[PDB]
>>> print(open('protein-v4.pdb').read())   # PDB, C-alpha atoms and all ligand atoms
ATOM      1  CA  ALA V   1      -3.490 -13.572 -12.188
ATOM      2  CA  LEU V   2      -4.664 -10.421 -13.973
ATOM      3  CA  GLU V   3      -7.403  -9.676 -11.412
ATOM      4  CA  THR V   4      -5.129  -9.045  -8.420
ATOM      5  CA  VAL V   5      -3.319  -6.240 -10.233
ATOM      6  CA  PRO V   6      -5.005  -2.845  -9.734
ATOM      7  CA  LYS V   7      -6.039  -1.442 -13.095
ATOM      8  CA  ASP V   8      -5.905   2.223 -12.201
ATOM      9  CA  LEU V   9      -3.757   4.004  -9.574
ATOM     10  CA  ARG V  10      -6.810   6.135  -8.614
ATOM     11  CA  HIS V  11      -9.261   5.061  -5.937
ATOM     12  CA  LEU V  12      -7.313   2.172  -4.383
ATOM     13  CA  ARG V  13      -7.922   0.636  -0.941
ATOM     14  CA  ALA V  14      -6.698  -2.128   1.356
ATOM     15  CA  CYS V  15      -8.462  -4.827   3.358
ATOM     16  CA  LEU V  16      -7.992  -5.521   7.068
ATOM     17  CA  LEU V  17      -7.656  -9.309   6.868
ATOM     18  CA  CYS V  18      -5.305 -10.041   3.947
ATOM     19  CA  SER V  19      -4.333  -6.477   3.056
ATOM     20  CA  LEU V  20      -5.581  -6.808  -0.507
ATOM     21  CA  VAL V  21      -4.617  -3.695  -2.473
ATOM     22  CA  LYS V  22      -7.013  -3.192  -5.381
ATOM     23  CA  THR V  23      -9.193  -0.633  -7.111
ATOM     24  CA  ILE V  24     -12.743   0.166  -6.042
ATOM     25  CA  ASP V  25     -13.923  -1.633  -9.145
ATOM     26  CA  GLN V  26     -12.315  -4.938  -8.271
ATOM     27  CA  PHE V  27     -13.639  -5.071  -4.739
ATOM     28  CA  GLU V  28     -17.164  -4.689  -6.072
ATOM     29  CA  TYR V  29     -16.837  -6.736  -9.266
ATOM     30  CA  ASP V  30     -14.665  -9.518  -7.790
ATOM     31  CA  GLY V  31     -14.006  -8.751  -4.117
ATOM     32  CA  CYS V  32     -11.485 -10.244  -1.717
ATOM     33  CA  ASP V  33      -9.736 -13.069  -3.568
ATOM     34  CA  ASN V  34      -8.274 -14.453  -0.314
ATOM     35  CA  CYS V  35     -11.600 -14.523   1.560
ATOM     36  CA  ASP V  36     -14.978 -14.753  -0.187
ATOM     37  CA  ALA V  37     -16.941 -17.228   1.971
ATOM     38  CA  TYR V  38     -16.464 -15.332   5.260
ATOM     39  CA  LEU V  39     -16.637 -11.694   4.081
ATOM     40  CA  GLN V  40     -18.870 -11.702   0.965
ATOM     41  CA  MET V  41     -17.841  -8.321  -0.459
ATOM     42  CA  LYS V  42     -18.657  -9.117  -4.111
ATOM     43  CA  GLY V  43     -21.861  -7.616  -5.486
ATOM     44  CA  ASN V  44     -22.212  -4.411  -3.449
ATOM     45  CA  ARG V  45     -20.416  -1.295  -2.208
ATOM     46  CA  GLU V  46     -21.597  -0.965   1.410
ATOM     47  CA  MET V  47     -19.721  -4.088   2.518
ATOM     48  CA  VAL V  48     -16.706  -2.943   0.487
ATOM     49  CA  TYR V  49     -16.781   0.466   2.183
ATOM     50  CA  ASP V  50     -17.469  -0.994   5.621
ATOM     51  CA  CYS V  51     -14.633  -3.471   6.227
ATOM     52  CA  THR V  52     -12.159  -2.256   3.608
ATOM     53  CA  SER V  53     -10.753   1.241   4.146
ATOM     54  CA  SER V  54      -8.507   3.617   2.233
ATOM     55  CA  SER V  55      -6.303   4.424   5.209
ATOM     56  CA  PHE V  56      -3.122   2.370   4.517
ATOM     57  CA  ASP V  57       0.692   2.774   4.094
ATOM     58  CA  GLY V  58       3.035   0.903   1.692
ATOM     59  CA  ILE V  59       2.901  -1.633  -1.207
ATOM     60  CA  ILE V  60       4.490  -5.033  -1.834
ATOM     61  CA  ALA V  61       4.538  -7.338  -4.861
ATOM     62  CA  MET V  62       3.745 -10.687  -3.296
ATOM     63  CA  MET V  63       4.790 -13.423  -5.736
ATOM     64  CA  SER V  64       6.009 -16.435  -3.777
ATOM     65  CA  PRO V  65       4.424 -16.586  -0.313
ATOM     66  CA  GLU V  66       5.712 -20.138   0.183
ATOM     67  CA  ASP V  67       9.328 -18.974   0.043
ATOM     68  CA  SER V  68       9.943 -15.419   1.228
ATOM     69  CA  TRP V  69      11.084 -13.609   4.356
ATOM     70  CA  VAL V  70       8.574 -10.811   4.075
ATOM     71  CA  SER V  71       5.639 -13.156   3.774
ATOM     72  CA  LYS V  72       6.346 -14.931   7.021
ATOM     73  CA  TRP V  73       6.836 -11.666   8.841
ATOM     74  CA  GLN V  74       3.457 -10.344   7.765
ATOM     75  CA  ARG V  75       1.745 -13.741   8.248
ATOM     76  CA  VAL V  76       0.610 -13.639   4.608
ATOM     77  CA  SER V  77       2.124 -16.960   3.488
ATOM     78  CA  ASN V  78      -1.300 -18.670   3.346
ATOM     79  CA  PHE V  79      -2.694 -16.055   0.926
ATOM     80  CA  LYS V  80      -2.793 -15.556  -2.846
ATOM     81  CA  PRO V  81       0.202 -13.764  -4.419
ATOM     82  CA  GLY V  82      -0.490 -10.194  -5.357
ATOM     83  CA  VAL V  83      -0.629  -6.585  -4.289
ATOM     84  CA  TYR V  84      -0.462  -6.380  -0.492
ATOM     85  CA  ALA V  85       0.093  -3.745   2.176
ATOM     86  CA  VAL V  86       2.284  -3.524   5.267
ATOM     87  CA  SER V  87       0.308  -1.182   7.509
ATOM     88  CA  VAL V  88      -3.486  -0.969   7.182
ATOM     89  CA  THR V  89      -4.822   1.368   9.854
ATOM     90  CA  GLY V  90      -8.247   1.049  11.364
ATOM     91  CA  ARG V  91     -10.505  -1.424  13.087
ATOM     92  CA  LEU V  92     -13.576  -3.447  12.190
ATOM     93  CA  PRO V  93     -16.871  -2.514  13.900
ATOM     94  CA  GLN V  94     -18.433  -4.840  16.464
ATOM     95  CA  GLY V  95     -20.857  -6.270  13.890
ATOM     96  CA  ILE V  96     -18.680  -8.551  11.760
ATOM     97  CA  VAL V  97     -15.901  -9.562  14.176
ATOM     98  CA  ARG V  98     -18.265 -11.652  16.326
ATOM     99  CA  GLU V  99     -19.251 -13.908  13.411
ATOM    100  CA  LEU V 100     -15.616 -14.408  12.373
ATOM    101  CA  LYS V 101     -14.634 -16.120  15.637
ATOM    102  CA  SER V 102     -17.537 -18.595  15.492
ATOM    103  CA  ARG V 103     -16.505 -19.649  11.963
ATOM    104  CA  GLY V 104     -12.821 -20.151  12.784
ATOM    105  CA  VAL V 105     -11.273 -16.967  11.348
ATOM    106  CA  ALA V 106      -9.090 -15.097  13.846
ATOM    107  CA  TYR V 107      -9.280 -11.424  12.879
ATOM    108  CA  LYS V 108      -5.782 -10.068  13.524
ATOM    109  CA  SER V 109      -4.679  -6.431  13.628
ATOM    110  CA  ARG V 110      -2.641  -6.080  10.441
ATOM    111  CA  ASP V 111      -1.389  -2.675  11.564
ATOM    112  CA  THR V 112       2.302  -3.376  12.123
ATOM    113  CA  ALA V 113       3.007   0.342  12.220
ATOM    114  CA  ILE V 114       4.190   1.906  15.464
ATOM    115  CA  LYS V 115       2.274   4.649  17.284
ATOM    116  CA  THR V 116       4.628   7.490  18.226
TER     117      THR V 116
ATOM    118  CA  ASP I   1      16.057 -15.573   2.898
ATOM    119  CA  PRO I   2      15.870 -13.488  -0.361
ATOM    120  CA  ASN I   3      18.192 -10.422  -0.397
ATOM    121  CA  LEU I   4      17.317  -6.695  -0.800
ATOM    122  CA  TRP I   5      18.956  -4.710  -3.635
ATOM    123  CA  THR I   6      18.611  -0.923  -4.178
ATOM    124  CA  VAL I   7      17.950   0.628  -7.651
ATOM    125  CA  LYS I   8      17.728   4.309  -8.883
ATOM    126  CA  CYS I   9      14.609   5.848 -10.587
ATOM    127  CA  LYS I  10      13.530   9.408 -11.738
ATOM    128  CA  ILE I  11      11.612  11.400  -9.071
ATOM    129  CA  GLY I  12       7.932  10.327  -8.669
ATOM    130  CA  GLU I  13       8.133   7.656 -11.471
ATOM    131  CA  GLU I  14       8.399   4.839  -8.818
ATOM    132  CA  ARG I  15       4.579   4.131  -8.852
ATOM    133  CA  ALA I  16       4.426   3.439 -12.627
ATOM    134  CA  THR I  17       7.721   1.501 -12.125
ATOM    135  CA  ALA I  18       6.095  -0.749  -9.453
ATOM    136  CA  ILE I  19       2.815  -1.591 -11.312
ATOM    137  CA  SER I  20       4.586  -2.322 -14.660
ATOM    138  CA  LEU I  21       7.112  -4.658 -12.912
ATOM    139  CA  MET I  22       4.226  -6.674 -11.380
ATOM    140  CA  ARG I  23       2.640  -6.843 -14.789
ATOM    141  CA  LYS I  24       5.940  -7.839 -16.294
ATOM    142  CA  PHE I  25       6.192 -10.751 -13.915
ATOM    143  CA  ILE I  26       2.729 -11.952 -14.761
ATOM    144  CA  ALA I  27       3.563 -11.327 -18.393
ATOM    145  CA  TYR I  28       6.608 -13.587 -18.258
ATOM    146  CA  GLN I  29       5.941 -16.286 -15.674
ATOM    147  CA  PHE I  30       4.846 -18.764 -18.373
ATOM    148  CA  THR I  31       7.527 -18.074 -21.011
ATOM    149  CA  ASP I  32      11.133 -19.288 -21.236
ATOM    150  CA  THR I  33      12.414 -16.155 -19.421
ATOM    151  CA  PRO I  34      10.710 -15.959 -16.008
ATOM    152  CA  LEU I  35      11.511 -13.637 -13.113
ATOM    153  CA  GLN I  36      13.481 -14.852 -10.092
ATOM    154  CA  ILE I  37      12.195 -12.012  -7.937
ATOM    155  CA  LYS I  38      10.051 -12.554  -4.845
ATOM    156  CA  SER I  39       8.706  -9.117  -4.092
ATOM    157  CA  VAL I  40       9.474  -5.458  -4.666
ATOM    158  CA  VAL I  41       9.277  -3.053  -1.708
ATOM    159  CA  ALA I  42       8.249   0.528  -2.573
ATOM    160  CA  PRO I  43       7.833   2.682   0.611
ATOM    161  CA  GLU I  44       5.633   5.836   0.743
ATOM    162  CA  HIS I  45       8.361   7.836   2.643
ATOM    163  CA  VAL I  46      11.455   7.341   0.361
ATOM    164  CA  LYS I  47      12.465   9.313  -2.804
ATOM    165  CA  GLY I  48      14.720   8.622  -5.833
ATOM    166  CA  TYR I  49      15.359   4.835  -5.348
ATOM    167  CA  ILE I  50      13.393   1.579  -4.751
ATOM    168  CA  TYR I  51      13.953  -1.932  -3.337
ATOM    169  CA  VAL I  52      13.944  -5.239  -5.310
ATOM    170  CA  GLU I  53      14.127  -8.586  -3.457
ATOM    171  CA  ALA I  54      15.870 -11.700  -4.936
ATOM    172  CA  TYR I  55      18.512 -14.339  -3.933
ATOM    173  CA  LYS I  56      21.525 -13.164  -6.097
ATOM    174  CA  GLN I  57      22.772 -10.013  -7.887
ATOM    175  CA  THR I  58      22.531 -11.759 -11.300
ATOM    176  CA  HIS I  59      18.819 -12.267 -10.868
ATOM    177  CA  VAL I  60      17.954  -8.577 -10.542
ATOM    178  CA  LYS I  61      20.221  -7.769 -13.514
ATOM    179  CA  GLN I  62      18.442 -10.213 -15.786
ATOM    180  CA  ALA I  63      15.028  -9.081 -14.569
ATOM    181  CA  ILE I  64      15.228  -5.248 -14.737
ATOM    182  CA  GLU I  65      16.679  -5.559 -18.249
ATOM    183  CA  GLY I  66      14.545  -3.681 -20.735
ATOM    184  CA  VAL I  67      12.736  -1.262 -18.512
ATOM    185  CA  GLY I  68      13.289   2.396 -19.116
ATOM    186  CA  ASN I  69      12.715   3.361 -15.499
ATOM    187  CA  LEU I  70      15.630   1.336 -13.902
ATOM    188  CA  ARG I  71      18.080   1.867 -16.820
ATOM    189  CA  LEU I  72      19.951   4.673 -15.045
ATOM    190  CA  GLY I  73      21.202   2.709 -11.965
ATOM    191  CA  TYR I  74      21.378  -0.689 -13.843
ATOM    192  CA  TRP I  75      25.183  -0.800 -13.542
ATOM    193  CA  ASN I  76      25.208  -1.117  -9.715
ATOM    194  CA  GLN I  77      23.107  -2.767  -6.958
ATOM    195  CA  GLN I  78      24.064  -1.449  -3.498
ATOM    196  CA  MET I  79      22.924  -4.097  -0.969
ATOM    197  CA  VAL I  80      21.888  -3.729   2.728
ATOM    198  CA  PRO I  81      22.987  -5.929   5.721
ATOM    199  CA  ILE I  82      20.656  -8.550   7.251
ATOM    200  CA  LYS I  83      19.583  -6.200  10.066
ATOM    201  CA  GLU I  84      18.031  -3.745   7.527
ATOM    202  CA  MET I  85      15.346  -6.227   6.287
ATOM    203  CA  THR I  86      13.272  -5.071   9.323
ATOM    204  CA  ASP I  87      13.608  -1.280   9.501
ATOM    205  CA  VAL I  88      12.263  -0.956   5.881
ATOM    206  CA  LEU I  89       8.777  -2.111   7.015
ATOM    207  CA  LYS I  90       8.539   0.284   9.931
ATOM    208  CA  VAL I  91       6.061   3.159   9.585
ATOM    209  CA  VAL I  92       5.879   6.149  11.937
ATOM    210  CA  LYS I  93       2.641   7.966  12.720
ATOM    211  CA  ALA I  94      -3.124   6.463   5.629
ATOM    212  CA  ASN I  95      -3.190   9.509   7.851
ATOM    213  CA  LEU I  96      -6.979   9.705   7.558
ATOM    214  CA  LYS I  97      -8.873   9.698  10.861
ATOM    215  CA  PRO I  98     -11.813  11.844  12.052
ATOM    216  CA  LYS I  99     -11.662  13.944  15.215
ATOM    217  CA  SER I 100      -7.951  14.424  14.480
ATOM    218  CA  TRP I 101      -5.560  17.354  14.005
ATOM    219  CA  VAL I 102      -4.416  18.174  10.464
ATOM    220  CA  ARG I 103      -2.842  21.248   8.876
ATOM    221  CA  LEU I 104      -3.315  23.054   5.567
ATOM    222  CA  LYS I 105      -1.062  23.444   2.535
ATOM    223  CA  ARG I 106      -2.792  26.100   0.465
ATOM    224  CA  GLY I 107      -5.359  28.816   1.048
ATOM    225  CA  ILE I 108      -5.250  31.592   3.606
ATOM    226  CA  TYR I 109      -4.775  29.515   6.789
ATOM    227  CA  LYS I 110      -1.364  28.195   5.792
ATOM    228  CA  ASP I 111       0.435  26.152   8.466
ATOM    229  CA  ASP I 112      -2.577  26.494  10.779
ATOM    230  CA  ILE I 113      -3.505  23.488  12.907
ATOM    231  CA  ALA I 114      -7.122  22.499  12.253
ATOM    232  CA  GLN I 115      -9.528  19.666  13.062
ATOM    233  CA  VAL I 116     -11.479  17.129  11.003
ATOM    234  CA  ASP I 117     -15.217  16.699  11.607
ATOM    235  CA  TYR I 118     -16.612  14.386   8.902
ATOM    236  CA  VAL I 119     -15.048  12.346   6.093
ATOM    237  CA  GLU I 120     -16.749  11.948   2.704
ATOM    238  CA  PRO I 121     -16.754   8.325   1.432
ATOM    239  CA  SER I 122     -16.284   9.577  -2.152
ATOM    240  CA  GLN I 123     -12.669  10.532  -1.464
ATOM    241  CA  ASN I 124     -13.290  13.953  -3.007
ATOM    242  CA  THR I 125     -13.467  16.565  -0.217
ATOM    243  CA  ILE I 126     -12.951  16.606   3.555
ATOM    244  CA  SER I 127     -14.525  18.608   6.378
ATOM    245  CA  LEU I 128     -12.245  20.965   8.313
ATOM    246  CA  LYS I 129     -12.597  23.025  11.501
ATOM    247  CA  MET I 130     -10.725  26.334  11.307
ATOM    248  CA  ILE I 131     -11.231  29.871  12.622
ATOM    249  CA  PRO I 132     -11.828  32.774  10.200
ATOM    250  CA  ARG I 133      -9.219  35.537  10.257
ATOM    251  CA  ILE I 134     -10.904  37.896   7.772
ATOM    252  CA  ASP I 135     -11.676  41.507   8.691
ATOM    253  CA  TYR I 136     -15.442  41.072   8.170
ATOM    254  CA  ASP I 137     -15.004  43.555   5.291
ATOM    255  CA  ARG I 138     -13.851  46.629   7.208
ATOM    256  CA  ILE I 139     -10.150  47.118   6.383
ATOM    257  CA  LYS I 140      -9.950  45.811   2.817
ATOM    258  CA  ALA I 141     -11.615  47.854   0.086
TER     259      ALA I 141
HETATM  260 ZN    ZN V 201      -7.909 -10.467   3.344
END
>>> encode(input="protein-v4.pdb", output="structure tokens")
Amino acid sequence: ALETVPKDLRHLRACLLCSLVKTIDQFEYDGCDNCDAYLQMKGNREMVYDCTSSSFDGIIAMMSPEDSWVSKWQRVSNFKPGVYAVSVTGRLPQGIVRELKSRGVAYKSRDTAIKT
Amino acid sequence: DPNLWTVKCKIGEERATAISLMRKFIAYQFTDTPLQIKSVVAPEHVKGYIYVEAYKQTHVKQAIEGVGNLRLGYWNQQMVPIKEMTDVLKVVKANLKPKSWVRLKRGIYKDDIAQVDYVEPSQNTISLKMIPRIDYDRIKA
């Protein structure tokens, strides 16, 4: 769709769950298109700035997650096709990871990047 | 698995190349000429050429047709072996973490190892810990 495409190359971030690469405007106006009932990051900027960080490396044009080698490797085959990332550094605080396990969402470290 | 094909672009024009190709796809998925491409990989580390991912060499040719960015390499599509579908995703240590050790580019403390104290959420400025090397206004006039 037209909402998953970042409008402007300025002020872009990436999520920690589905690696959603968007503009600061989209995260507040629309939010995470692959998780809206567990994260609820539409309608504010503190929740967008809390979970979602700017600290990420690399972009991918996810189009066909049902048939692709890259999609399986990043465990992003059950997501919506769009702008994704390959290495999203950081970690969620101990305030929203405890509620994700009780609801059935296993928060995985998306950071596939090696350390030294 | 879809196959990785390499294509030339002018220096630094790869970011506009990536976003317009995504938009192209979306712009043509419902017409009579769709795109056979899966993804496009555009690493932060590389320069001068980018990676397009599709089953056959005809597919990329018929897809990158009409773009003024990938016109220059359009005549050839150097492939990589199966073992190179993995090392493209690898990232060596973004680069934004407090209490870390960064260096400068410009200013007076060039190539001087400093430290970060606080990060501004506006993405405008950043706090640095350096040591002043001025003369305290004694030698200079
Ligand atoms: Zn997500």
>>> atom_distance(input="protein-v4.pdb", atom1="CA of residue 8 (chain I)", atom2="CA of residue 50 (chain I)")
6.6 Å
>>> interface_residues(input="protein-v4.pdb", of="chain I", to="chain V", cutoff="8 Å", atoms="all atoms listed in the file", output="list in words")
residues 1, 2, 19, 22, 23, 26, 37, 38, 39, 40, 41, 42, 43, 44, 89, 90, 91, 92, 93, 94, 95, 96, 121 and 123 of chain I
>>> closest_atom_pairs(input="protein-v4.pdb", of="chain V", to="ligand ZN 201 (chain V)", cutoff="6 Å", atoms="only C-alpha atoms and all ligand atoms", output="JSON lines")
{"residue": "V:15", "atom": "CA", "partner": "V:ZN201", "partner_atom": "ZN", "distance": 5.7}
{"residue": "V:17", "atom": "CA", "partner": "V:ZN201", "partner_atom": "ZN", "distance": 3.7}
{"residue": "V:18", "atom": "CA", "partner": "V:ZN201", "partner_atom": "ZN", "distance": 2.7}
{"residue": "V:19", "atom": "CA", "partner": "V:ZN201", "partner_atom": "ZN", "distance": 5.4}
{"residue": "V:20", "atom": "CA", "partner": "V:ZN201", "partner_atom": "ZN", "distance": 5.8}
{"residue": "V:34", "atom": "CA", "partner": "V:ZN201", "partner_atom": "ZN", "distance": 5.4}
{"residue": "V:35", "atom": "CA", "partner": "V:ZN201", "partner_atom": "ZN", "distance": 5.8}
>>> atom_distance(input="protein-v4.pdb", atom1="CA of residue 52 (chain I)", atom2="CA of residue 81 (chain I)")
14.3 Å
>>> residues_around(input="protein-v4.pdb", residues="region 108-116 of chain I", least_positions_apart="6", cutoff="12 Å", atoms="all atoms listed in the file", output="list in words")
residues 95, 96, 97, 98, 99, 100, 101, 102, 125, 126, 127, 128, 129, 130, 131, 132, 133 and 134 of chain I
>>> atom_distance(input="protein-v4.pdb", atom1="CA of residue 136 (chain I)", atom2="CA of residue 104 (chain I)")
21.9 Å
>>> residues_around(input="protein-v4.pdb", residues="residue 67 (chain I)", least_positions_apart="6", cutoff="10 Å", atoms="all atoms listed in the file", output="CSV table (one decimal) with C-alpha atoms, in the coordinates of the input")
chain,number,residue,atom,x,y,z
I,17,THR,CA,7.7,1.5,-12.1
I,20,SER,CA,4.6,-2.3,-14.7
I,21,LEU,CA,7.1,-4.7,-12.9
I,24,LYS,CA,5.9,-7.8,-16.3
I,74,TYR,CA,21.4,-0.7,-13.8
>>> residues_around(input="protein-v4.pdb", residues="residue 49 (chain I)", least_positions_apart="2", cutoff="7 Å", atoms="all atoms listed in the file", output="list in words")
residues 6, 7, 8, 9 and 47 of chain I
>>> residues_around(input="protein-v4.pdb", residues="residue 21 (chain V)", least_positions_apart="3", cutoff="6 Å", atoms="only C-alpha atoms", output="PyMOL selection string")
chain V and resi 13-14+83-84
